[PDB]
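Only one chain is shown below, in structure tokens, and it's the form deposited in one PDB entry.
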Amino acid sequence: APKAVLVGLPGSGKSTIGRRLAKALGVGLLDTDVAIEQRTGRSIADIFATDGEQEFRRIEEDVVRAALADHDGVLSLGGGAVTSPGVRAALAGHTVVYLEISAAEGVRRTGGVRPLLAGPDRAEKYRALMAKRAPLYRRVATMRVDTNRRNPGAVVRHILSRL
């Protein structure tokens, strides 16, 4: 089982903190998004525009379950994995770190790709994403970490200390 599973909105820091957390613990980082693009050979943005969410979610879910079982390092899920009921059930019992972030900072971090965030009105879309998913992240989380006024190193240490 992963030493920690990272969840949160896009831009909350799953990929960044996961890497640094991994390097700290001395284990590998498995980023479900990355893993996906491999089992598919295609990019996530292309799977979205070619198969849609329901399909990306089933793939994601299959990767997540596998990772939860075979990966002992740090696991970082895709921003919306928690929307799949199967992913939420598979997480039960695991160490799940919920990286919290405000909508203002979150949107500014994701400035620069995300199929669900992209295009105009990212502030509105980001906020909608938060309203929808906030409840889900909180349900699966065993550890909530506020990343608003904490630089990466501080978030990593805050987590390391509570593991």
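The first residue of the sequence shown is number 1, and the count goes up from there. Here, rigid core means the biggest group of C-alpha atoms that superpose within 1.5 Å across both forms.
Per the record, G112 and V113 are separated by 1 to 3 deposited residues that have no coordinates. Judged by mean Cα B factor in the deposited record, 34 to 42 ranks above the other of 34 to 42 and 56 to 64. A summary of the deposited B-factors shows that, of 47 to 55 and 25 to 33, the stretch with the larger mean C-alpha value is 47 to 55. Among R108, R122, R133, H94, the highest C-alpha B-factor recorded in the PDB entry belongs to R122. Of the residues listed, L116, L99, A69, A128, the entry assigns the biggest Cα temperature factor to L116. Among all modelled residues in its chain, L163 ranks in the highest third by Cα B-factor.
Per-chain ranking of the deposited C-alpha B factor places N148 in the highest third. In the deposited entry, the Cα temperature factor of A4 places it in the middle third of its chain's modelled residues.
This next part talks about the form deposited in another entry, which is not shown.
Lining up the core between this form and the one not shown shows that one residue from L99, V107, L30, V64 moves its Cα 2 Å or more, and that residue is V107. With a cut-off of 2 Å and the rigid core superposed, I47 has a Cα displacement that reaches or exceeds the cut-off between this form and the one not shown.
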